[PDB]
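See structure below.
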Protein chains: 2
Amino acid sequence: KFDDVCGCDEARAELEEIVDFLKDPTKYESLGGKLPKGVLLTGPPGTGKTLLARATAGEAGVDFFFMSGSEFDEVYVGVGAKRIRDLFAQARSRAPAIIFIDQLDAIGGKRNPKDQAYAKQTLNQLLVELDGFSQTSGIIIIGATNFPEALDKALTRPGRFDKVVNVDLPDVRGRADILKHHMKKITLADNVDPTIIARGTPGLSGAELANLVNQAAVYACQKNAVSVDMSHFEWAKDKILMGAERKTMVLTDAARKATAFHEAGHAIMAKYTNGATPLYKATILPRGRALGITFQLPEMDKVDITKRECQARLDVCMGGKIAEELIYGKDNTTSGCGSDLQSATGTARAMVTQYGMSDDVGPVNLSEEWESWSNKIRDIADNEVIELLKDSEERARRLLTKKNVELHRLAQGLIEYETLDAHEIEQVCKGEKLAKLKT
Amino acid sequence: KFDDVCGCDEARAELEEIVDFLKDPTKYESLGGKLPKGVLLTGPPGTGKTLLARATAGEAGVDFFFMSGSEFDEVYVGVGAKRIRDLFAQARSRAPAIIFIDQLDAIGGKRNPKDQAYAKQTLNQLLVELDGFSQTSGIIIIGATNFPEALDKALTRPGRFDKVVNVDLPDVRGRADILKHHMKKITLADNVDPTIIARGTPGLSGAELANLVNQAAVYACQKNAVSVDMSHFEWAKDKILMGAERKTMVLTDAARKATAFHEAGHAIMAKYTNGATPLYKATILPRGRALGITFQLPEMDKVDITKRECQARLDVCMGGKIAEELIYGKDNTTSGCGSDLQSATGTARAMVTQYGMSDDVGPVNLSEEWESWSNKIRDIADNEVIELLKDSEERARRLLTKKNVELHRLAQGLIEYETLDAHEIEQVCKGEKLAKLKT
Ligand SMILES: Nc1ncnc2c1ncn2[C@@H]1O[C@H](COP(=O)(O)OP(=O)(O)O)[C@@H](O)[C@H]1O
Ligand SMILES: [Zn+2]
């Protein structure tokens with residue numbers, strides 16, 4: 001039923017109206033209303049699509065005729081047409097039913113005539129027998145593929161598959177309810193907040209959330225612990241998101257204090273800056289890819305970005321370079337800070353070449369045809385991007401020149417404890433002992 | 001049947017002439033006439049061109065052979081031409097047949113001589129099939145294209161495509177006929193004036209009218225209504241014009257307020273400016289693919305806007321950003337105003353280059369061949385595009401400083417009601433009650 005699927009409500013709604021056709025056809029038939037023969041399920045791969053068709057067919061009283069397309073590439077065909085007419089003939093025997101077809105690209109496709117001959121024979125067997133039934137009091141074919149490009153053109157004609165619905169990647173409460181639905185099978189520990197890790201994986205599927213819960217339950221289960229707390233879930237989250245953990249790295253103390261001032265710079269002026277996304281777990285662990293990460297947890301839309309949040313994240317992307325300038329002098333800035341620079345540059349161009357956030361260019365969209373404009377407007381636009389980043393590093397220079405005490409406290413706090421929460425960062429910046437085993 | 005194509009009386013008269021030629025040759029072949037070897041239908045998408053072809057074919061008793069131009073994959077070298085040789089090869093075995101080629105402008109384009117080997121093998125095979133060495137008898141080719149000016153000189157030669165029937169977009173007395181025809185298929189309508197919906201929807205085509213009617217019938221089915229009344233036609237009409245409504249997930253007083261100020265800006269600019277098209281509705285709901293939308297709609301159908309209308313468009317597309325800066329200050333202008341600047345950019349740039357509405361540039365067309373022109377002229381042109389947009393936002397600011405009370409009124413009532421047609425806005429702007437229910 002519609003309880004088993006989690007998230008994806010904008011597809012579930014049109015599925016309950018088409019199922020409102022499905023359990024009572026004669027009402028929609030008596031007035032002259034018509035609805036398409038078969039609907040098309042698209043979207044990213046593996047977002048709970050077969051569970052939408054099984055959920056519709058399961059909550060209604062109907063039969064669910066499942067068949068895959070890729071299984072027609074297992075053998076030479078000509079017989080696949082015969083099992084298709086077996087399938088639709090059996091569907092006309094059991095008149096309240098729906099017919100789900102998985103990976104429709106393998107039935108269709110645009111191929112060489114040596115195999116487009118009989119592949120076209122099974123294909124237009126499907127095309128003929130999509131026409132060999134009256135729509136009245138009949139059956140609705142549901143077809144699903146994640147590649148709308150690979151589908152055959154003649155199969156997508158009016159008189160055939162018409163209404164196209166999208167099954168996309170879920171939002172924050174969608175991932176919260178998917179994560180809860182997979183939490184309903186393992187042994188949890190305490191107040192395990194699903195919404196603190198629901199946001200935290202921005203734009204990822206549902207099956208990978210099953211990998212998150214599954215690998216986290218494995219990792220708790222080999223430690224011979226009691227249950228699965230928050231540490232296991234954020235452990236497997238920080239494995240699937242970035243990468244594994246290097247327990248074999250032997251590194252000096254100058255490097256540890258250098259990256260300590262880098263992460264302390266990002267953490268401080270990510271913390272004290274007007275408008276930023278609030279602070280979260282900062283570390284200096286080499287988590288696979290990077291060496292020291294600051295985490296940040298927002299919960300709004302990106303449409304609610306503004307000029308204050310854009311200048312806020314431009315000030316977040318200068319704390320490392322300005323921290324390493326103000327501590328170690330000028331001629332000792334490293335190169336990894338330059339990686340942070342590219343994120344800054346991206347945001348800066350969106351403040352000039354898409355929005356109206358620059359009073360010297362004018363209100364325009366310079367982004368969709370950049371090559372069309374001449375050189376003078378690109379000089380004014382690129383110049384405004386340059387003074388935007390210079391003003392960002394000037395504000396970062398002063399707000400880290402007047403917060404030096406928290407920079408050293410949070411710095412050697414990251415040297416001694418090497419993992420801090422925002423509550424714990426607040427305890428470090430006040431000069432307070434924080435009741436935790438050091439490392 | 002020719003009755004099924006309601007609207008397009010004169011073009012249908014033209015094809016009726018050909019069917020009359022087929023049904024008794026001797027009346028027309030008595031002075032030396034012959035069948036036109038080719039007829040080319042022109043007109044925008046979905047105006048009923050294949051409908052006419054199936055009218056002649058299915059009405060005159062000859063085999064109809066469909067083939068689409070946007071179906072030729074062009075992944076390999078040989079197929080495409082092989083499809084044409086097979087298609088014509090099978091059509092000659094059914095001598096009085098008809099061959100319909102849809103979207104010629106996808107395969108038959110300009111034969112640029114500097115195309116290496118394989119771009120124009122299909123077009124050459126087509127040319128040799130239409131008017132080649134061995135003659136064809138009793139075959140009629142009907143080619144439906146949207147851009148007659150894009151086809152090449154060789155394919156539109158008198159001898160391959162004899163006539164050029166123009167099926168243009170329907171007018172009000174035509175739309176009344178289409179609506180009458182498709183409403184006729186419904187068995188039940190209580191009291192509905194087709195000229196109401198016909199005068200209400202300028203610019204729509206035959207297909208959008210057909211699914212207007214069908215969506216109204218289905219919508220009457222869902223609500224378990226007894227009939228098909230005018231409110232249903234209004235729901236389906238607003239659906240097709242403004243976009244499919246989406247169930248309101250969530251909102252806050254802040255987001256809802258800011259949005260109400262945005263569409264309040266577009267709506268006030270739409271009303272009080274001069275030259276703008278009339279106003280239809282303002283909405284605070286998430287309709288279609290946008291957060292609220294103020295839809296304008298002309299009373300009469302115009303072929304081309306003058307300078308005052310387009311300057312009116314430039315002034316209307318600044319109400320969002322200017323309203324949000326008057327209310328929420330400069331530093332809070334969101335990034336949802338990107339589409340406004342995209343559209344306004346398009347309008348101004350088509351004003352300067354194509355339409356020839358600027359004096360320091362001159363009476364010259366710079367749109368096509370944009371690469372060839374030098375950098376001097378591009379500098380002047382882009383200078384006047386940007387100057388024109390800056391001036392537009394100047395006017396929108398200076399007007400929305402004069403309409404604070406109307407702005408806050410319409411925004412507040414728009415919060416309270418979530419939807420408003422132009423009359424209700426006219427009442428709300430003067431502080432009057434609307435006689436309906438809050439929220
Ligand atoms: N003159 C007309 N009379 C009746 N229906 C029309 C007319 N023109 C377009 N339509 C409608 O448009 C829809 C699409 O028809 P089609 O022939 O596929 O469009 P096109 O030939 O422009 O691609 C049909 O449902 C048809 O009812
Ligand atoms: Zn807008």
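We name chains A, B, ... following the order of the structure tokens; residues begin at 1 in each chain, and ligands are numbered from 1 as shown.
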Env. residues ligand 1 / 10 Å / only C-alpha atoms and all ligand atoms / as a PDB file with C-alpha atoms, in the first residue's frame:
ATOM      1  CA  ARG A 157       3.269   8.631 -29.617  1.00  0.00           C
ATOM      2  CA  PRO A 158      -0.190   9.923 -28.697  1.00  0.00           C
ATOM      3  CA  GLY A 159      -2.399   6.887 -28.854  1.00  0.00           C
TER       4      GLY A 159
ATOM      5  CA  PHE B   2     -13.269  16.341 -43.000  1.00  0.00           C
ATOM      6  CA  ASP B   3     -15.900  17.219 -40.399  1.00  0.00           C
ATOM      7  CA  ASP B   4     -13.498  16.088 -37.676  1.00  0.00           C
ATOM      8  CA  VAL B   5     -11.190  19.019 -38.483  1.00  0.00           C
ATOM      9  CA  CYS B   6     -13.302  21.869 -37.112  1.00  0.00           C
ATOM     10  CA  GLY B   7     -11.653  25.150 -37.945  1.00  0.00           C
ATOM     11  CA  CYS B   8      -9.333  25.792 -40.875  1.00  0.00           C
ATOM     12  CA  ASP B   9     -12.119  26.050 -43.424  1.00  0.00           C
ATOM     13  CA  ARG B  12      -9.549  22.053 -45.653  1.00  0.00           C
ATOM     14  CA  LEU B  41       1.490  22.079 -44.826  1.00  0.00           C
ATOM     15  CA  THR B  42       2.831  24.961 -42.749  1.00  0.00           C
ATOM     16  CA  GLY B  43       1.910  26.157 -39.284  1.00  0.00           C
ATOM     17  CA  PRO B  44       2.906  26.104 -35.626  1.00  0.00           C
ATOM     18  CA  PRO B  45       2.916  22.907 -33.560  1.00  0.00           C
ATOM     19  CA  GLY B  46      -0.317  21.126 -32.792  1.00  0.00           C
ATOM     20  CA  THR B  47      -2.648  23.013 -35.134  1.00  0.00           C
ATOM     21  CA  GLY B  48      -4.070  19.869 -36.707  1.00  0.00           C
ATOM     22  CA  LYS B  49      -1.899  19.004 -39.695  1.00  0.00           C
ATOM     23  CA  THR B  50      -1.702  15.222 -39.377  1.00  0.00           C
ATOM     24  CA  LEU B  51      -5.428  15.388 -38.696  1.00  0.00           C
ATOM     25  CA  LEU B  52      -5.937  16.877 -42.166  1.00  0.00           C
ATOM     26  CA  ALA B  53      -3.701  14.278 -43.791  1.00  0.00           C
ATOM     27  CA  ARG B  54      -5.649  11.459 -42.161  1.00  0.00           C
ATOM     28  CA  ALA B  55      -8.769  13.305 -43.283  1.00  0.00           C
ATOM     29  CA  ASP B 102       5.962  15.015 -40.489  1.00  0.00           C
ATOM     30  CA  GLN B 103       8.598  17.546 -39.428  1.00  0.00           C
ATOM     31  CA  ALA B 144       4.122  18.993 -42.587  1.00  0.00           C
ATOM     32  CA  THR B 145       6.742  21.483 -41.428  1.00  0.00           C
ATOM     33  CA  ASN B 146       6.876  24.240 -38.831  1.00  0.00           C
ATOM     34  CA  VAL B 167      -2.678  26.093 -41.566  1.00  0.00           C
ATOM     35  CA  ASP B 168      -2.307  28.979 -39.141  1.00  0.00           C
ATOM     36  CA  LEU B 169      -3.241  29.186 -35.494  1.00  0.00           C
ATOM     37  CA  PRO B 170      -7.011  29.361 -34.923  1.00  0.00           C
ATOM     38  CA  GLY B 174     -12.441  28.854 -34.889  1.00  0.00           C
ATOM     39  CA  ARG B 175     -11.715  28.040 -31.254  1.00  0.00           C
ATOM     40  CA  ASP B 177     -15.838  25.546 -33.345  1.00  0.00           C
ATOM     41  CA  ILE B 178     -13.165  23.262 -31.896  1.00  0.00           C
ATOM     42  CA  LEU B 179     -14.650  23.543 -28.407  1.00  0.00           C
ATOM     43  CA  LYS B 180     -18.120  22.857 -29.791  1.00  0.00           C
ATOM     44  CA  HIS B 181     -16.793  19.803 -31.603  1.00  0.00           C
ATOM     45  CA  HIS B 182     -15.002  18.215 -28.655  1.00  0.00           C
ATOM     46  CA  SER B 205      -4.378  25.657 -30.383  1.00  0.00           C
ATOM     47  CA  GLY B 206      -6.541  22.695 -31.302  1.00  0.00           C
ATOM     48  CA  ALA B 207      -4.806  20.144 -29.099  1.00  0.00           C
ATOM     49  CA  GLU B 208      -4.815  22.364 -26.009  1.00  0.00           C
ATOM     50  CA  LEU B 209      -8.541  22.900 -26.513  1.00  0.00           C
ATOM     51  CA  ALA B 210      -9.132  19.162 -26.809  1.00  0.00           C
ATOM     52  CA  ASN B 211      -7.305  18.348 -23.588  1.00  0.00           C
TER      53      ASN B 211
END
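Near ligand 2, at distances of 10 Å or less and with only C-alpha atoms and all ligand atoms counted, sit the residues residues 259, 262, 263, 264, 265, 266, 290, 291, 292, 293, 294, 316, 317, 318, 319, 320, 321, 336, 337, 338, 339, 340, 341 and 343 of chain B.
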Keeping N, CA and C atoms for every residue in the selection just given, could you write it to a file as a PDB file, in the first residue's frame?
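Contents of the output file part.pdb:
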ATOM      1  N   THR B 259       6.974  36.066  -0.709  1.00  0.00           N
ATOM      2  CA  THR B 259       6.346  35.723  -1.977  1.00  0.00           C
ATOM      3  C   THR B 259       5.181  36.652  -2.285  1.00  0.00           C
ATOM      4  N   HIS B 262       6.457  39.633  -3.738  1.00  0.00           N
ATOM      5  CA  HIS B 262       6.936  39.468  -5.108  1.00  0.00           C
ATOM      6  C   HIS B 262       5.781  39.548  -6.103  1.00  0.00           C
ATOM      7  N   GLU B 263       4.810  38.636  -5.991  1.00  0.00           N
ATOM      8  CA  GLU B 263       3.671  38.684  -6.905  1.00  0.00           C
ATOM      9  C   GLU B 263       2.841  39.945  -6.723  1.00  0.00           C
ATOM     10  N   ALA B 264       2.866  40.542  -5.535  1.00  0.00           N
ATOM     11  CA  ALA B 264       2.275  41.863  -5.392  1.00  0.00           C
ATOM     12  C   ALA B 264       2.984  42.863  -6.292  1.00  0.00           C
ATOM     13  N   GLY B 265       4.311  42.763  -6.383  1.00  0.00           N
ATOM     14  CA  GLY B 265       5.055  43.649  -7.261  1.00  0.00           C
ATOM     15  C   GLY B 265       4.710  43.450  -8.723  1.00  0.00           C
ATOM     16  N   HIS B 266       4.755  42.197  -9.196  1.00  0.00           N
ATOM     17  CA  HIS B 266       4.391  41.933 -10.586  1.00  0.00           C
ATOM     18  C   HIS B 266       2.976  42.403 -10.889  1.00  0.00           C
ATOM     19  N   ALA B 290       6.947  27.071 -10.244  1.00  0.00           N
ATOM     20  CA  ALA B 290       7.289  28.387  -9.736  1.00  0.00           C
ATOM     21  C   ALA B 290       6.553  28.625  -8.430  1.00  0.00           C
ATOM     22  N   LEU B 291       7.082  29.558  -7.647  1.00  0.00           N
ATOM     23  CA  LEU B 291       6.490  29.925  -6.364  1.00  0.00           C
ATOM     24  C   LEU B 291       5.568  31.110  -6.611  1.00  0.00           C
ATOM     25  N   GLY B 292       4.322  30.818  -6.965  1.00  0.00           N
ATOM     26  CA  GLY B 292       3.364  31.863  -7.265  1.00  0.00           C
ATOM     27  C   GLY B 292       3.604  32.476  -8.626  1.00  0.00           C
ATOM     28  N   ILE B 293       2.551  32.935  -9.293  1.00  0.00           N
ATOM     29  CA  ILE B 293       2.688  33.459 -10.647  1.00  0.00           C
ATOM     30  C   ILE B 293       1.553  34.430 -10.923  1.00  0.00           C
ATOM     31  N   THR B 294       1.901  35.602 -11.440  1.00  0.00           N
ATOM     32  CA  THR B 294       0.928  36.593 -11.872  1.00  0.00           C
ATOM     33  C   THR B 294       0.807  36.504 -13.385  1.00  0.00           C
ATOM     34  N   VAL B 316       7.420  45.570 -16.356  1.00  0.00           N
ATOM     35  CA  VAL B 316       6.677  44.626 -15.529  1.00  0.00           C
ATOM     36  C   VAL B 316       7.612  43.606 -14.902  1.00  0.00           C
ATOM     37  N   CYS B 317       8.719  43.286 -15.570  1.00  0.00           N
ATOM     38  CA  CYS B 317       9.601  42.246 -15.047  1.00  0.00           C
ATOM     39  C   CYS B 317      10.594  42.750 -14.005  1.00  0.00           C
ATOM     40  N   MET B 318      10.412  43.953 -13.473  1.00  0.00           N
ATOM     41  CA  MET B 318      11.271  44.479 -12.421  1.00  0.00           C
ATOM     42  C   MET B 318      10.542  44.625 -11.095  1.00  0.00           C
ATOM     43  N   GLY B 319       9.233  44.370 -11.070  1.00  0.00           N
ATOM     44  CA  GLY B 319       8.461  44.520  -9.855  1.00  0.00           C
ATOM     45  C   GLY B 319       8.887  43.602  -8.737  1.00  0.00           C
ATOM     46  N   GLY B 320       9.358  42.402  -9.063  1.00  0.00           N
ATOM     47  CA  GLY B 320       9.818  41.507  -8.017  1.00  0.00           C
ATOM     48  C   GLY B 320      11.006  42.073  -7.268  1.00  0.00           C
ATOM     49  N   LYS B 321      12.116  42.274  -7.976  1.00  0.00           N
ATOM     50  CA  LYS B 321      13.340  42.733  -7.333  1.00  0.00           C
ATOM     51  C   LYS B 321      13.163  44.119  -6.724  1.00  0.00           C
ATOM     52  N   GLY B 336      15.654  34.384  -6.232  1.00  0.00           N
ATOM     53  CA  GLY B 336      14.552  33.925  -7.054  1.00  0.00           C
ATOM     54  C   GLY B 336      14.206  34.860  -8.190  1.00  0.00           C
ATOM     55  N   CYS B 337      14.885  36.001  -8.281  1.00  0.00           N
ATOM     56  CA  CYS B 337      14.626  36.945  -9.356  1.00  0.00           C
ATOM     57  C   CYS B 337      15.512  36.695 -10.566  1.00  0.00           C
ATOM     58  N   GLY B 338      15.922  35.450 -10.800  1.00  0.00           N
ATOM     59  CA  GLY B 338      16.749  35.164 -11.959  1.00  0.00           C
ATOM     60  C   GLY B 338      15.938  35.024 -13.230  1.00  0.00           C
ATOM     61  N   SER B 339      14.763  34.402 -13.133  1.00  0.00           N
ATOM     62  CA  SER B 339      13.917  34.241 -14.309  1.00  0.00           C
ATOM     63  C   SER B 339      13.428  35.585 -14.825  1.00  0.00           C
ATOM     64  N   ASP B 340      13.137  36.516 -13.917  1.00  0.00           N
ATOM     65  CA  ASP B 340      12.697  37.841 -14.330  1.00  0.00           C
ATOM     66  C   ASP B 340      13.761  38.517 -15.181  1.00  0.00           C
ATOM     67  N   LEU B 341      15.022  38.412 -14.766  1.00  0.00           N
ATOM     68  CA  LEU B 341      16.090  39.067 -15.509  1.00  0.00           C
ATOM     69  C   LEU B 341      16.424  38.302 -16.780  1.00  0.00           C
ATOM     70  N   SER B 343      14.067  36.722 -18.702  1.00  0.00           N
ATOM     71  CA  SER B 343      13.033  37.153 -19.636  1.00  0.00           C
ATOM     72  C   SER B 343      13.229  38.598 -20.070  1.00  0.00           C
TER      73      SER B 343
END
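Here chain A has been superposed onto chain B using all C-alpha atoms in order, and the two differ by 6.0 Å RMSD.
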Practice prompt. Give the residues of chain A that lie within 8 Å of chain B; count only C-alpha atoms, and format the answer as a PyMOL selection string.
Written response: chain A and resi 10+17+20+27-28+31-35+110+153+303-308+354-357+362-365+372-377
Atoms kept (C-alpha atoms) for selection, written as a tab-separated table (two decimals), in the first residue's frame:
chain	number	residue	atom	x	y	z
A	10	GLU	CA	4.06	14.33	-5.76
A	17	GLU	CA	-6.08	9.63	-8.80
A	20	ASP	CA	-9.37	6.24	-8.45
A	27	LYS	CA	-18.01	6.64	-13.42
A	28	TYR	CA	-15.22	8.11	-15.52
A	31	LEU	CA	-19.45	11.20	-18.69
A	32	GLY	CA	-16.94	10.75	-21.50
A	33	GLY	CA	-13.72	11.27	-19.59
A	34	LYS	CA	-10.63	9.56	-20.95
A	35	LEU	CA	-7.22	9.03	-19.34
A	110	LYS	CA	17.40	2.31	-31.98
A	153	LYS	CA	10.08	7.17	-30.54
A	303	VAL	CA	15.91	29.58	-3.22
A	304	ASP	CA	16.12	31.24	0.21
A	305	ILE	CA	19.77	32.12	-0.49
A	306	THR	CA	20.21	35.88	-0.36
A	307	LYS	CA	23.00	38.43	-0.59
A	308	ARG	CA	23.68	38.03	3.13
A	354	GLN	CA	22.99	35.66	-12.72
A	355	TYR	CA	21.45	37.83	-10.04
A	356	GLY	CA	21.06	41.54	-9.52
A	357	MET	CA	23.59	41.72	-6.72
A	362	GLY	CA	23.05	46.02	-14.01
A	363	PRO	CA	20.18	43.57	-13.61
A	364	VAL	CA	20.87	40.90	-16.25
A	365	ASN	CA	21.34	37.20	-16.83
A	372	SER	CA	27.43	36.43	-27.04
A	373	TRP	CA	28.33	39.49	-24.97
A	374	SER	CA	31.25	41.70	-25.89
A	375	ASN	CA	34.42	42.41	-24.00
A	376	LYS	CA	33.48	45.59	-22.13
A	377	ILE	CA	30.63	44.00	-20.19
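Note that the spacing between atom CA of residue B:56 and atom CA of residue B:83 amounts to 24.0 Å.
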Fill in: Who sits within 12 Å of residue A:131, only C-alpha atoms, same chain under 5 positions skipped, as a VMD selection string
chain A and resid 36 to 38 88 124 to 126 138 to 141 155 157 to 161
Going by DSSP on the backbone, which residues of stretch 61-164 of chain A come out as strand (DSSP E or B)? List them as a PDB file with N, CA, C and O atoms, in the first residue's frame.
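Generated output (selection.pdb):
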ATOM      1  N   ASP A  63      -4.689  -6.971  -9.965  1.00  0.00           N
ATOM      2  CA  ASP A  63      -3.571  -7.881 -10.168  1.00  0.00           C
ATOM      3  C   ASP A  63      -2.399  -7.093 -10.736  1.00  0.00           C
ATOM      4  O   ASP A  63      -2.592  -6.121 -11.473  1.00  0.00           O
ATOM      5  N   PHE A  64      -1.191  -7.518 -10.393  1.00  0.00           N
ATOM      6  CA  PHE A  64       0.036  -6.825 -10.746  1.00  0.00           C
ATOM      7  C   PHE A  64       0.850  -7.698 -11.688  1.00  0.00           C
ATOM      8  O   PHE A  64       1.559  -8.602 -11.236  1.00  0.00           O
ATOM      9  N   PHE A  65       0.745  -7.438 -12.988  1.00  0.00           N
ATOM     10  CA  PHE A  65       1.483  -8.197 -13.989  1.00  0.00           C
ATOM     11  C   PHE A  65       2.839  -7.557 -14.222  1.00  0.00           C
ATOM     12  O   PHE A  65       2.954  -6.602 -14.994  1.00  0.00           O
ATOM     13  N   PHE A  66       3.861  -8.099 -13.573  1.00  0.00           N
ATOM     14  CA  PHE A  66       5.223  -7.597 -13.672  1.00  0.00           C
ATOM     15  C   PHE A  66       5.942  -8.286 -14.817  1.00  0.00           C
ATOM     16  O   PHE A  66       5.843  -9.508 -14.963  1.00  0.00           O
ATOM     17  N   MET A  67       6.674  -7.510 -15.616  1.00  0.00           N
ATOM     18  CA  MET A  67       7.617  -8.097 -16.554  1.00  0.00           C
ATOM     19  C   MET A  67       8.734  -7.107 -16.853  1.00  0.00           C
ATOM     20  O   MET A  67       8.509  -5.899 -16.959  1.00  0.00           O
ATOM     21  N   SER A  68       9.945  -7.644 -17.002  1.00  0.00           N
ATOM     22  CA  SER A  68      11.141  -6.863 -17.275  1.00  0.00           C
ATOM     23  C   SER A  68      11.380  -6.797 -18.775  1.00  0.00           C
ATOM     24  O   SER A  68      10.904  -7.640 -19.537  1.00  0.00           O
ATOM     25  N   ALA A  97      -6.748  -5.159 -13.577  1.00  0.00           N
ATOM     26  CA  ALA A  97      -5.330  -5.379 -13.323  1.00  0.00           C
ATOM     27  C   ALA A  97      -4.525  -4.243 -13.933  1.00  0.00           C
ATOM     28  O   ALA A  97      -5.043  -3.437 -14.708  1.00  0.00           O
ATOM     29  N   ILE A  98      -3.243  -4.170 -13.559  1.00  0.00           N
ATOM     30  CA  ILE A  98      -2.300  -3.256 -14.191  1.00  0.00           C
ATOM     31  C   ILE A  98      -1.014  -4.005 -14.502  1.00  0.00           C
ATOM     32  O   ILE A  98      -0.672  -5.003 -13.864  1.00  0.00           O
ATOM     33  N   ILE A  99      -0.296  -3.499 -15.500  1.00  0.00           N
ATOM     34  CA  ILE A  99       0.791  -4.221 -16.144  1.00  0.00           C
ATOM     35  C   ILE A  99       2.038  -3.358 -16.052  1.00  0.00           C
ATOM     36  O   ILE A  99       2.175  -2.385 -16.798  1.00  0.00           O
ATOM     37  N   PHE A 100       2.958  -3.721 -15.170  1.00  0.00           N
ATOM     38  CA  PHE A 100       4.179  -2.958 -14.969  1.00  0.00           C
ATOM     39  C   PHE A 100       5.312  -3.565 -15.778  1.00  0.00           C
ATOM     40  O   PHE A 100       5.530  -4.783 -15.739  1.00  0.00           O
ATOM     41  N   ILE A 101       6.039  -2.715 -16.497  1.00  0.00           N
ATOM     42  CA  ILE A 101       7.143  -3.138 -17.348  1.00  0.00           C
ATOM     43  C   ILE A 101       8.400  -2.406 -16.901  1.00  0.00           C
ATOM     44  O   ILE A 101       8.464  -1.170 -16.956  1.00  0.00           O
ATOM     45  N   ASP A 102       9.392  -3.176 -16.465  1.00  0.00           N
ATOM     46  CA  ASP A 102      10.637  -2.670 -15.916  1.00  0.00           C
ATOM     47  C   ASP A 102      11.708  -2.644 -16.996  1.00  0.00           C
ATOM     48  O   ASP A 102      11.870  -3.607 -17.750  1.00  0.00           O
ATOM     49  N   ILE A 140      -4.483  -0.422 -17.273  1.00  0.00           N
ATOM     50  CA  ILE A 140      -3.526   0.652 -17.507  1.00  0.00           C
ATOM     51  C   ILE A 140      -2.117   0.086 -17.444  1.00  0.00           C
ATOM     52  O   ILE A 140      -1.725  -0.518 -16.442  1.00  0.00           O
ATOM     53  N   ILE A 141      -1.351   0.288 -18.507  1.00  0.00           N
ATOM     54  CA  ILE A 141       0.023  -0.192 -18.563  1.00  0.00           C
ATOM     55  C   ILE A 141       0.922   0.864 -17.935  1.00  0.00           C
ATOM     56  O   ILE A 141       0.882   2.037 -18.314  1.00  0.00           O
ATOM     57  N   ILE A 142       1.729   0.455 -16.967  1.00  0.00           N
ATOM     58  CA  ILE A 142       2.719   1.327 -16.355  1.00  0.00           C
ATOM     59  C   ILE A 142       4.088   0.886 -16.844  1.00  0.00           C
ATOM     60  O   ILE A 142       4.462  -0.281 -16.686  1.00  0.00           O
ATOM     61  N   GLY A 143       4.835   1.806 -17.441  1.00  0.00           N
ATOM     62  CA  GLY A 143       6.174   1.526 -17.920  1.00  0.00           C
ATOM     63  C   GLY A 143       7.176   2.366 -17.157  1.00  0.00           C
ATOM     64  O   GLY A 143       6.890   3.507 -16.793  1.00  0.00           O
ATOM     65  N   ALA A 144       8.356   1.804 -16.904  1.00  0.00           N
ATOM     66  CA  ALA A 144       9.345   2.509 -16.101  1.00  0.00           C
ATOM     67  C   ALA A 144      10.732   2.380 -16.701  1.00  0.00           C
ATOM     68  O   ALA A 144      11.199   1.268 -16.965  1.00  0.00           O
ATOM     69  N   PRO A 158       1.199   9.855 -29.163  1.00  0.00           N
ATOM     70  CA  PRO A 158      -0.190   9.923 -28.697  1.00  0.00           C
ATOM     71  C   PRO A 158      -1.021   8.825 -29.337  1.00  0.00           C
ATOM     72  O   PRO A 158      -0.924   8.565 -30.537  1.00  0.00           O
ATOM     73  N   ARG A 160      -0.651   6.040 -27.407  1.00  0.00           N
ATOM     74  CA  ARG A 160       0.216   5.124 -26.677  1.00  0.00           C
ATOM     75  C   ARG A 160       0.622   5.875 -25.421  1.00  0.00           C
ATOM     76  O   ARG A 160      -0.187   6.669 -24.935  1.00  0.00           O
ATOM     77  N   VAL A 164       3.444  11.480 -18.594  1.00  0.00           N
ATOM     78  CA  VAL A 164       4.782  11.211 -18.094  1.00  0.00           C
ATOM     79  C   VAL A 164       4.888  11.832 -16.713  1.00  0.00           C
ATOM     80  O   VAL A 164       4.638  13.031 -16.544  1.00  0.00           O
TER      81      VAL A 164
END
Discussion item. Run DSSP on the backbone and tell me which residues of stretch 80-315 of chain A come out as alpha helix (DSSP H); list them as a PyMOL selection string.
Written reply: chain A and resi 80-93+113-129+172-183+195-198+207-222+230-240+253-271+307-315
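Between atom CA of residue A:96 and atom CA of residue A:40 there is a distance of 19.6 Å.
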